[PDB]
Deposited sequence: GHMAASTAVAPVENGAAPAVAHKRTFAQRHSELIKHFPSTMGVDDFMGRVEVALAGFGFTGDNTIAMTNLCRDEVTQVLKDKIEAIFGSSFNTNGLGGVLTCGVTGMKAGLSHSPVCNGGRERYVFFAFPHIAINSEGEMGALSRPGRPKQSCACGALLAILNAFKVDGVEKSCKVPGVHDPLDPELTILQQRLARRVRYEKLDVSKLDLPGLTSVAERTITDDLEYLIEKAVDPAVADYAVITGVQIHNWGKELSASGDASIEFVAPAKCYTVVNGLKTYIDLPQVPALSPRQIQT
């Protein structure tokens, strides 16, 4: 009941403010500030994620938001180009809640884990391009998650909500780069990418950074948390 960081479920876990500091430090190093950059934020649509989006916009005045269910990126390549209209910073995060150690973290990720648990993971592993019209964002997310879970050969019997949440982060990150490739020419602009897992510790807000880098002058440099 002190630092409330038994959240080592994600080794990289930081305070959200601690987190935001490192970012603008690392980002200032590469020429990014609230001065010259536009931020795109992508979180889950749920209201519990608003604290992270607010911190980011506190630093980045020029900002646009593309939140999808469970953090899925259904705005696509047009949704992205719409917002960027020379220095861009993309933040993408799924999100999880942990008491100490346990209204619903991520609603989508909860239902999905169950889906993978009761039915197969195989039931959801569809060809990309397909969705249930009754639940477009959710099912697009299931499937991408399913493909990803199969892609790094994961023992589903041993998959828990943190593990799933961490597959979502690798997934949402990968999708982000696929849009970024279509929508951003590293010859024309410099940009950055910050991804990770948002963690609601109900009261303290944490963030576990995952993949971070800058593409400056057509040259990519990775950034770890310290």
The deposited sequence goes unmodelled at 1-27, 113-121, 139-151, 252-261, 286-297
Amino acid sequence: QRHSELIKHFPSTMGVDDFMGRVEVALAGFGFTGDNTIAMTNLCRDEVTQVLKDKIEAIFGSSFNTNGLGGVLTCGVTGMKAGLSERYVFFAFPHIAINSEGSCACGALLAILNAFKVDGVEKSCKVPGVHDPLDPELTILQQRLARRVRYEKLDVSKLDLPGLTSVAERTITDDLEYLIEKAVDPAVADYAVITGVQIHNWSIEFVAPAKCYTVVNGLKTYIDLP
From here on, numbers count along this sequence of modelled residues.
Assert higher mean C-alpha B factor (177-185 or 38-46, deposited values) equals 177-185
Comparing 69-77 with 150-158, the higher average Cα temperature factor in the PDB entry belongs to 150-158
The residue of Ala92, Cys104, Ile112, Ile140 with the maximal C-alpha B-factor according to the PDB record is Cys104
Among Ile172, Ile59, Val193, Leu164, the highest C-alpha B-factor in the PDB entry belongs to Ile59
Chain-relative C-alpha B factor for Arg87 (record values, thirds): the highest
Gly15: CA temperature factor from the record, placed by chain third, in the lowest
For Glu122, the third of its chain by CA B-factor is the highest
Of the three thirds of Cα B-factor ranks in this chain, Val216 occupies the highest
Of the three thirds of the chain ranked by Cα temperature factor, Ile204 occupies the highest
